[PDB]
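A single chain comes next, written as structure tokens; it is the form deposited in one PDB entry.
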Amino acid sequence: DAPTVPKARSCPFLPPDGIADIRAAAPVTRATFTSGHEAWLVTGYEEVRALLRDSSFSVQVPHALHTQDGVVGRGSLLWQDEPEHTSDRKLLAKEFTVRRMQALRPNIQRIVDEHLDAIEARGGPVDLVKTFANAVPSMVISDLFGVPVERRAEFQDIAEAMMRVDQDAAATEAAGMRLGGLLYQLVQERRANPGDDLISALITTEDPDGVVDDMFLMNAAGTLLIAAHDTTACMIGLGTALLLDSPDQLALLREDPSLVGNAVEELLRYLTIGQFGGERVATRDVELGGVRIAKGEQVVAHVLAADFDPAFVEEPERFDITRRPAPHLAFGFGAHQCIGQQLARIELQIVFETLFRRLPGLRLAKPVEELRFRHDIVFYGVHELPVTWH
């Protein structure tokens, strides 16, 4: 009967003032979480950072936005006990490199431009979620996986159905089984004709050792696609809405287009999508913030609270794209820190730069209070985002 976690905010566009008092008084405390179980709630920036850094806490339940009901071992990272996590991550990171992510900029520009061509070809108003936020990220992954333009239609549909919710338990599993089939065939085809893509590169990676089999490759491909899709789509949808509901910051961006990178980092901090780190368990006794956490006890990082700690940034409640980017914890920290963060940053940069440039006078087609948020314990995004432009 530890107290329930205080609600941080009623809307992602507001400061999370509801968690401030706990963070200030007790940055490591006991709370009861939505499942009805108690765990250590960690909200201070310093302590969340120290928790994520410490391999004494192993992940039991991954970050909520990186998993689907829903899907489908070695190569998945998310659902991986140690020491396989470490070695499988090292294998994947050998080919899914920051270099490979940077190398996708022209692909990302192309994809973003293609989606905006379709949008302005039709006008006006459009739902930015269906036409853009949900569509772009899976097509970037399609390119990462070497999917021919053919070929994209099928990939988009299957990935889309995977995100769909609401779909019933069955419908949900059937979507997962179709994705599984697609990915299995994809792996066979890349074996049959290798290319310059990530899957081809893994098939051919240094593997002493022999862990990279078809199962490993399906697990990695599924994980990256699923992890990249709802996270990035949420950032695009909520980030666009937050900018549109912040005419002060939008004006600063329009006055100084070089702020796009700063704006992406501030949106990441401000929204801290998913709110919590994956639930961890102590594999040994550990002292965190002066508090003894016993082996076997659960620990939940309140990353949103950490990203609003006044010890971390000044006047944290302010949404201010002029800030020099600070090391927020929206991509985590330590061993499980987000492996796709450079890709996410690159995609959001191209997305926001192109959107606001190509659709001058972009604005909400309906007041903000009419937006409908996907919320299930935490916010997953907006259902639709009706927009117009000049």
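If you superpose the two forms and keep the largest set of C-alpha atoms that fall within 1.5 Å, you have the rigid core. Sequential numbering from 1, following the sequence displayed.
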- [ ] Please say, as none, 1 to 3, 4 to 9, or 10 or more, how many residues of the deposited sequence are without coordinates in the interval between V72 and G73.
- [x] 4 to 9
Open item on the list: Using only C-alpha atoms and the B-factors in the entry, which stretch averages higher, 361-369 or 324-332?
Closed with: 361-369
Open item on the list: So, looking at the entry's B-factor column for Cα atoms, which has the higher mean, 299-307 or 207-215?
Closed with: 207-215
Task: Maximum C-alpha temperature factor, selected from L78, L224, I199, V129 - done: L78
Open item on the list: Between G146, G176, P137, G124, which one tops the list for Cα B-factor in this entry?
Closed with: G124
Open item on the list: Considering every modelled residue of the chain and its Cα B-factor in the PDB entry, is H66 in the lowest, middle or highest third?
Closed with: lowest
TODO: Relative to the other modelled residues of the same chain, rank the CA B-factor of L116 and answer lowest, middle or highest third.
DONE: middle
Open item on the list: Among the modelled residues of this chain, does the Cα B factor of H37 put it in the lowest, middle or highest third?
Closed with: highest
- [ ] Taking the chain's C-alpha temperature factors as the reference, tell me which third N262 falls into: lowest, middle or highest.
- [x] lowest
TODO: Relative to the other modelled residues of the same chain, rank the CA B-factor of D248 and answer lowest, middle or highest third.
DONE: lowest
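If you look for the form deposited in another entry, you will not find it shown, but the lines that follow are about it.
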Open item on the list: Given a cut-off of 2 Å on Cα movement between the shown form and the other one, rigid core as reference, pick the single residue from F276, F96, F319, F312 that exceeds or meets it.
Closed with: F276
Open item on the list: Is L371 displaced by at least 2 Å at its C-alpha between the shown form and the other one when the rigid core is overlaid?
Closed with: no
- [ ] Once you account for a change of 3 Å or more, let me know if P15 and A301 sit closer or farther in the other form, using their C-alpha atoms.
- [x] closer
- [ ] Looking in the other form, decide if the C-alpha atoms of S138 and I377 are closer or farther than in the form shown; they differ by 3 Å or more.
- [x] closer
